[PDB]
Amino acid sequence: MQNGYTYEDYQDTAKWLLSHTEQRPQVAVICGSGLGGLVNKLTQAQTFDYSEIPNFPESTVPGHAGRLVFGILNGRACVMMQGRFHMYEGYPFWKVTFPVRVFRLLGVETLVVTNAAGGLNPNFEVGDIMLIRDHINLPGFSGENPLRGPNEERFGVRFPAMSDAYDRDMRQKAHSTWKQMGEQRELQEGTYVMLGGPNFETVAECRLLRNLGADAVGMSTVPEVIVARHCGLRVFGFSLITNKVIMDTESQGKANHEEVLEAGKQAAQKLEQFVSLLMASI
């Protein structure tokens, strides 16, 4: 059926967290595949396994520890999802996005989303960071949407707009911050396209995606952005280009989850530095 959580369920979970930590975060960060390292830079950290927080789902994917960590990052109080949920695990979108609404009830105002993605844009190189300026929601085209079913007015409106989903001001900040880091490569920016997974794309599918105007492909994030914007959260996000997708039938190798995680550690020091510095801007 549709959404199985009532407003009270989100409320109960929020109260439970509030009664177990003195931390009052204003920023929420969702760590994607190979990005779980961002957590180790938190000060005064407190961790909760998803399995001990009442109505919380569980991460089953390698590279997703499945822990909620509160802490202080570069002066800002925040909460981090060290690992997320995906539709390919068997979860409905209303389960995948449960934490987002709980965050809103905690008093969070900004949500930063991260993920590992395949590069469709030929100008992209493995290791690149791409600011997400827009998305294409394939599952949404068929009715698979976290907002399907009766609307909860206490969270948002029935027909939320998505054209302004990725905060313009934060993207300007991201660009200025990147410049201060003195990096050699430029910060990329583009359209993220989501598909269900869990298998990797065929050559025909990649060419099709690129021709639709997508710069990177992945199996998450979009559902969380929809719910985030629906409840009024300011959203900012980026993809770590973990590999160049095969575009020719004379393909040498083939995508694998290992390459994705390996790439994560390689860029760890870089993107961790980036996110921490970004905390100064709000």
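Start at 1 and count along the sequence shown; that's the residue number.
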Worksheet, complete the sentence: Between 191-199 and 114-122, the record assigns the higher mean Cα B factor to 114-122
Worksheet item: Between 27-35 and 248-256, which has the higher average C-alpha B-factor in the PDB entry?
Response: 248-256
Fill in: Residue of maximum C-alpha B factor among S220, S239, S51, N40, per deposited coordinates
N40
Worksheet entry | Residue of maximum C-alpha B factor among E183, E152, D134, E109, per deposited coordinates | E183
Worksheet, complete the sentence: The third of the chain into which the C-alpha temperature factor of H86 falls is the lowest
Item to complete: Name the third of the chain's ranked CA B-factors that contains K15, choosing lowest, middle or highest.
Response: middle
Worksheet entry | Where the record places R168 (Cα B-factor, split into thirds across the chain) | highest
Practice prompt. Using the B-factor values recorded in the entry, state whether the Cα atom of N145 falls in the lowest, middle or highest third among the modelled residues of its chain.
Written response: lowest
Response to the item:
Chain thirds by Cα B factor, record data; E224 belongs to the lowest
